[PDB]
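Chemist: Below is a structure I'd like to ask you about.
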Amino acid sequence: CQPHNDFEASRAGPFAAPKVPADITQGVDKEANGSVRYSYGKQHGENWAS
Amino acid sequence: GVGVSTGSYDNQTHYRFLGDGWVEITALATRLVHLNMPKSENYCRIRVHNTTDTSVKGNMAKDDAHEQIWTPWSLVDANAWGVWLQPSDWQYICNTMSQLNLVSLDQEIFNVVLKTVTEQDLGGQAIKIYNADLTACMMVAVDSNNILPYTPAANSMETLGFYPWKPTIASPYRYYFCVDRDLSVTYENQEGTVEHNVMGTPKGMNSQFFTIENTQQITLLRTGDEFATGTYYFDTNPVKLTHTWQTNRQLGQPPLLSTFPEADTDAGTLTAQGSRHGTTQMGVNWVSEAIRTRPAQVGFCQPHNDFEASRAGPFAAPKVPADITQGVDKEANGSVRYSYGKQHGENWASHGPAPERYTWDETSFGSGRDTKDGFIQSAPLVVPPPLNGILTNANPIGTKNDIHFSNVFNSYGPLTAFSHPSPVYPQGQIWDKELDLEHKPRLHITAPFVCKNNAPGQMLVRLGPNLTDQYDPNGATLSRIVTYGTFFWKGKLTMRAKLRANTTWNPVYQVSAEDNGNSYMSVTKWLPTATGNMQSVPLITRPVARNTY
Amino acid sequence: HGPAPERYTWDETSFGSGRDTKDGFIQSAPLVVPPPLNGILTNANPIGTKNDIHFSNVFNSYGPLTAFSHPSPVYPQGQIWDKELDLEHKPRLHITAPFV
Amino acid sequence: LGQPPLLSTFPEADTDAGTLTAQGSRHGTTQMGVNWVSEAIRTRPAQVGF
Amino acid sequence: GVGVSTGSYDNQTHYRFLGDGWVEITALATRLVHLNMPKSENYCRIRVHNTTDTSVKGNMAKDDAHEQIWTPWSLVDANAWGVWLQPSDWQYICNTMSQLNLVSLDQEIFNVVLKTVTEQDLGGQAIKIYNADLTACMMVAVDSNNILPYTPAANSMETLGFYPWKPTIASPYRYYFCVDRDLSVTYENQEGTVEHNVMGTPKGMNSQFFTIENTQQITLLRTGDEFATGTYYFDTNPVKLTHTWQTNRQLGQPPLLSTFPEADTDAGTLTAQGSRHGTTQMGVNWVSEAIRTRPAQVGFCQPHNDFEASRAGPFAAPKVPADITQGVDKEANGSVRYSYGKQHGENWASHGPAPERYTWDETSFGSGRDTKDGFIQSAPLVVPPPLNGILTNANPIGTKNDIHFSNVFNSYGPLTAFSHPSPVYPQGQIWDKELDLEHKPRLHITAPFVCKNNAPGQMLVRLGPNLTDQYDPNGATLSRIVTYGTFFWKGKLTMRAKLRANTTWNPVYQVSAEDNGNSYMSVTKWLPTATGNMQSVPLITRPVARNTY
Amino acid sequence: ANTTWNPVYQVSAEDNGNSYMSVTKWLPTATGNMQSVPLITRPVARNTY
Amino acid sequence: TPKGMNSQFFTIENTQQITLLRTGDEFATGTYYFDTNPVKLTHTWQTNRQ
């Protein structure tokens, strides 16, 4: 079990404490299991038509 | 025969540049020891159980309940950074070298002197006369096998003298014994007196009783004799002499700047948080310097004052020290506070039973925690933080207005990354024996260096019992002649270290000694007084900056 | 004779790593001798709208300083060796069998 | 673990026990900002059990 | 010259596994000795004849009538099991090893110290000052020829100290002399006072007078000198470290079972006693587990308290110890009782002239006797025991209601088979010199080990007489300067031993240390007190079971 | 090795009685029934420092 | 009742190397030698009288 969204703050400022990704199971808990979400561009993989 | 020295005095520090960036630093230290005939003729199993505090409902931490075994042997444990190097030297090392490790260590005992004191009435008074006793002899033993319980001299702050030109007394030897102590929990004024609070009786499964007489080869030496130990080698790993500023916030590639400052006043901007490349562990459609994924976790939230109890009794669960940050959370980050004496570093002018104390703050700015900013949010992470969809350090957790999540949260995970505790020059613990456990800790808070191999081996020492003319054990008549001893000690702690190079443009912070003033780095701090009093204050460890990525 | 098999509870011999829920507690950051009524969390404070669920039942003090021994293997019905898990980061040890 | 507190009092009989030094005025190392130490706040090499 | 040690302290025990089941055990022991200038300037022939008890008609055993020869020499006889090994060690040996024997033994005397004491008035009082005297010297002599009477230190319970960290005094030397003592027999209040009861005069056919001055090469050694003896070897046989349970009842093939138990409650049966194969020494036509012939005789009936008198006087005829059985017959089986002091094992807290005592009971369950069951039957052995055809332990034999056959019966025959007396860890006698007789005894009760070859050789020692300025033998003026001595002792008793193997399914009895409680095997028994007092209680010898057939 | 003065706890088999370390525990019965009960592991004491 | 100091329980299964042999198998032991002394095969008539 990993702390769901444990925002820890430091001298640099508040941040999201990383968490080892894992299966989502039937719980459909994505953000809870650490399922990373990406955001790329056109020169990185997005359709040039969009 | 007798009547001639058996050693040489040398308390310096030589630097041999082995090139390639590495330098071998040999630290020699010699001091005069003062040993008195132990009061305890034999091994005692004294049981100390303070009730002046344990009885009270409010007092819980002041539990000094334990049963030790006082032995008739002293101990010459010079495991202190200030008892080896010189005040000025440490400045050069920390400012130049970027890492250091222990290599070898030797010891020697020369000019052993044993004298007896007798009463002699002078004009009606009674002055003490001191006559040397050649036939007298002392006893030395170096348990390099560590068959006896390891007793760090720094753990009790009773090491040797940090002052070369000043003698020092060897701290008596004593180890803990098996005793089942139990203490109930009571807050302020709970209903009724404390429930349970009693000591324990010796068990047969944990009865650990050792004797210096049967755990080491005692070497008898008189006035003309001298002892010396082999060249022990350390297998400990080198400890970095630099601090880390980079926090979990700054690691990979910074956000692309869309706006460039026209003046030295204003700043630039980033890209559309909603429309910007990056990686976040949230299902949301936006990123920021707070949700962007990082290679690992810098530092971690530690349970604030987590007093765990065991068969031995309640105790404070140790916690890896770290930067205090702007939160000014000292006891929360584990900032260790010390308490030394005059023969350890306190000013000899400050007459009184009150010893000097200071709170050491880590330099690991990266693993710093801040309780005034820590919080959590509901699974469905949304920009607007609901009143119930967030847990700040102000929500009473457990029917308590002072007990929040921070005081009971362990963020230690497979991503936890931190530095080592910066060793202090004065009263600092150098090496330490590893625990005899299948899974020992990743590190020790007491001392940065941890002997992976066997331990150095504490050096025990006791004065030879000078019996009187009359003696009878069965009559409980242990008539002993008043006798003491003063032997010299010579040790060399050879250790190599590497020095960093100027890889930056902006001058890095250094450790300088400002003029005599309110400035902490005042010269008078380490300068003698009109009377001759002196004091040894902590030094800035890890002054140079270190990039953690 | 009977379908009821024999059972026994094995207790470790590691007196050093022993825990006691009847003594575990925490205190506020500003550590003061006199423990305030709200400046301490004993094993008697209902945590989570429950009178039987305290901090002890949900606290993991496992830290970089955690040091413990191995589970004493029993002579009867004791598991000797065991295969390691096919994982990047397998556990530091196994409870089923001392030998891995 | 480490060096036990220095005994200031020695038992005269096998019944009573000895004492320690002034908790407020005694050498040692504690992770608390307080001005006193004890067998409950003294720093240790590591953590035994958890 | 003088002013330097001449030896090393070491009181440990190393185990060298020679494989094949045999292990060489080397026991090193070092202690500090305290010798005082003997009061008797010369050899005395003191005659001790207690009449405070011998005169009485009832008292007969309290006959301490004898004439010894007090010599001005002490003796360093460390013939004790507790003065060699450590309390914990013995546990390991008895639990593992199944037999042990003595091999070699060496001794050494280093750090010889001799000081004199003088009176010095302090404020009207008179405190004693102690000044070392270099010119002073002691005298040592090891009679390896045994020309002098062998005087076991355990026979008088005056060996060396069993406590390493505690000094010890050497027991004075003295041997018996020829004297014809005679004592008549008197019961309670016999008619008239005791008939004869007088000491004797020196005879010319048994006058044995020896002198340490003419029976050994005295080696004079001062403060800077040191002595050492050769490596003496023992020729004694190994003693089993196990007990026997099998009695004369169980030996050969048990009776054939005709019935098999249906439940764990009931038992099986045998065959018709009248019609069953077997061998009995009776002319009867039936057999049983009481009349069946056996390979030999396990144990034997011994005369209970058979006081035999001789030219030297009445004495208690020794008797081989054995199991007490259910008869609880201690004094009847020969269970030896001891009486040691504080420097020998008694608690230092038990202040008083009353020494600790304990009755040792053998572990030879096989040779155990029971007076509450012993009996005899007429020649014509018949099932029905006639009132006159049997002699139970209740028939007044010799006009006495308390004197039966058991008190005066010696069943020692060519079939007598028994074990050896289990040696006790504390105050136990190790080796012993054999009697100079054509037919010496098959064994000794005092010590399990009996030197078949020559004896080790007691070590004598006396302080050198420090004469005064004035002296005159003819004027009976023996002015001696008050002087004492304190020399160290170092000995190594090397001995090999074999260990048994687990050849059974059911765990054999072992020697464990139960928690602090009423349990005899309590840890506190061997643990120091708040003051430092300690005691050494006997240990379970021969814990493992041994099959005798 | 014996590096202590006070005898360390051992595993012995007390006589037939209420004692857990009873011999009958590992001894056959009149019928032949037997049982195997757990044993005291790690009887010797170990110093962790 | 069974004592713990004299409890002697042995098992043929753990006290010797059992040799399994079927119908076509056969066993044989080594040549054991005796060290016993010879016994006279004659009687004595002479008594303490002659």
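Bear in mind these aren't lab numbers, they're just calculated from the coordinates by the rules spelled out. When we count neighbours, we look across all protein chains shown, and the Cβ atoms used for this are built from the backbone with ideal geometry, even at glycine.
Chemist: Take the alpha carbon gyration tensor of the protein assembly as shown, find the square roots of its eigenvalues, order them as a ≥ b ≥ c, and report rounded if a/c is under 1.5; if not, report prolate when a/b exceeds b/c, else oblate.
Modeler: In terms of gyration-tensor shape, oblate.
Chemist: My understanding is that a pair violates if its Cα-Cα distance is over 27 Å; which of E:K330/E:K400; E:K342/E:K452; B:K39/E:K342 do that in this structure?
Modeler: Violating the 27 Å Cα-Cα cut-off are E:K342/E:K452.
Chemist: Would you mind ranking B:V2, E:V33 by Cβ crowding within 10 Å, fewest neighbours first?
Modeler: Ordered by Cβ neighbours within 10 Å, fewest first: B:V2, E:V33.
Chemist: Can I ask one more? Give, rounded to the nearest 20 debye, the magnitude of the charge dipole that chain B has about its Cα centre when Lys and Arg contribute +1 at Cβ and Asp and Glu contribute -1 at Cβ.
Modeler: Working: 42 positive and 50 negative charges, 149 e Å.
So the dipole magnitude of chain B works out to roughly 720 debye.
Chemist: Treating only the Cβ of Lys, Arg, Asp and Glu as charged (+1, +1, -1, -1), what charge dipole size does segment B:238-393 show about its Cα centre? Round to the nearest 20 debye.
Modeler: 480
Chemist: While we're on this one: Using the charge dipole of segment B:387-481 (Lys, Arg: +1 at Cβ; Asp, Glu: -1 at Cβ; taken about the Cα centre), state which of B:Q429, B:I397, B:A447 has its Cα farthest towards the positive end.
Modeler: B:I397
Chemist: FRET efficiency for B:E24 and B:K452, Cβ-Cβ distance as r, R0 = 22 Å, nearest 0.05?
Modeler: 0.60
Chemist: OK, next. For chain B, what proportion of DSSP beta bridges, expressed in % and rounded to the nearest 5, is antiparallel?
Modeler: Roughly 90 percent of the DSSP beta bridges within chain B come out antiparallel.
Chemist: So for segment E:38-160, averaging the separation of alpha carbon pairs under 8 Å that are six or more residues apart and normalising by length, what relative contact order in percent results?
Modeler: The value is 23 percent.
Chemist: Taking the alpha-carbon distance from E:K203 and a cut-off under 17 Å, which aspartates and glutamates remain once sequence neighbours fewer than 8 residues away in the same chain are dropped?
Modeler: Leaving aside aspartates and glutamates fewer than 8 places away in the same chain, those within reach of E:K203 are E:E67, E:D180, E:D182.
Chemist: To the nearest 500 deg cm²/dmol, what mean residue ellipticity at 222 nm is calculated for the protein assembly as shown from DSSP H runs of n ≥ 4 alone, each contributing -39,500 (n - 2.57), summed and divided by the residues?
Modeler: That comes out to -500 deg cm²/dmol.
Chemist: Next up: Per residue Cα convex hull volume for chain B, in cubic angstrom?
Modeler: Taking the convex hull of the Cα positions in chain B, it is 245 Å³ per residue.
Chemist: Quick check on the exposure proxy: order B:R174, E:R181 from fewest to most C-beta atoms within 10 angstrom.
Modeler: Arranged by neighbour count, lowest to highest, B:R174, E:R181 become E:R181, B:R174.
Chemist: Still on this structure, please answer the following. Work through the residues other than B:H49 whose Cβ is under 14 Å from its Cβ and net out their charges, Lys, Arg +1 and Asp, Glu -1.
Modeler: My count for the surroundings of B:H49 gives -4.
Chemist: Which one of E:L270, E:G341, E:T159 is farthest out on the positive end of the charge dipole of chain E, using unit charges on Cβ (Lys, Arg +1; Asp, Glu -1) and the Cα centre as origin?
Modeler: With unit charges placed on the Cβ atoms, the residue in question is E:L270.
Chemist: Using the structure shown, list the pairs from B:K240/B:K490; E:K166/E:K490; B:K319/B:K440 with a Cα-Cα distance above 22 Å, or answer none.
Modeler: B:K240/B:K490
Chemist: Taking 0.36 nm per residue of sequence separation and subtracting the Cα-Cα distance, how much length would be gained by fully extending the chain between E:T416 and E:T279, in nm to one decimal?
Modeler: Contour length minus the Cα-Cα distance gives 47.3 nm.
Chemist: With labels modelled as points extended 7 Å from the Cα through the Cβ direction, what inter-label distance (nm, one decimal) is found for B:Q326 paired with C:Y8?
Modeler: Here the modelled spin labels are 6.2 nm apart.
Chemist: Rounded to the nearest 0.05, what FRET efficiency do B:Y233 and E:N131 give with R0 = 51 Å and r taken as the Cβ-Cβ distance? Could you check?
Modeler: 0.60
Chemist: Quick one: if the Förster radius is 41 Å, what FRET efficiency do E:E213 and E:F307 give, using the C-beta to C-beta distance and rounding to 0.05?
Modeler: 0.55
Chemist: So if I take the centroid of the Cα atoms in segment E:191-218 and the same for chain D, what is the distance between those two points in Å?
Modeler: Each part's Cα centre sits 66 Å from the other's.
Chemist: Ignore the peptide's own chain and count Cβ atoms of other chains within 10 Å of each Cβ in B:246-254; give me the average, rounded. Intermediate results must be reported in sequence, preceding the final value.
Modeler: Details: counts 1, 6, 10, 7, 3, 0, 0, 0, 0.
Rounded to a whole number, the mean comes out at 3.
Chemist: Also: How much length, in nm to one decimal, is gained on full extension between E:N155 and E:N206, taken as 0.36 nm per residue of separation minus their Cα-Cα distance?
Modeler: 16.0 nm
Chemist: Please give the charge dipole size of segment B:332-487, origin at the Cα centre, charges +1 on K and R Cβ atoms and -1 on D and E Cβ atoms. Round to the nearest 20 debye.
Modeler: The calculated dipole for segment B:332-487 is roughly 80 debye.
Chemist: If I model a spin label at E:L381 and E:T359 as a point 7 Å from the Cα along the Cα→Cβ vector, what separation in nanometres do I get?
Modeler: The two pseudo-label positions are separated by 3.3 nm.
Chemist: For the pair E:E41 and E:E289, how long in nm is the line joining their label points, each one 7 Å along Cα→Cβ?
Modeler: 7.5
Chemist: Follow-up question, since we're still on this one. Below 11 angstrom from the Cβ of C:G39, what's the summed charge of the other residues (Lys, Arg +1; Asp, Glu -1)? Before the final figure, lay out each step's value.
Modeler: Values: positive: B:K400; negative: B:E188, B:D402.
Net charge in that neighbourhood comes out at -1.
Chemist: Counting other beta carbons within 10 Å of each Cβ, put G:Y32, B:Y520, B:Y175 in order, fewest first.
Modeler: The order, fewest Cβ neighbours first, is G:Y32, B:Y520, B:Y175.
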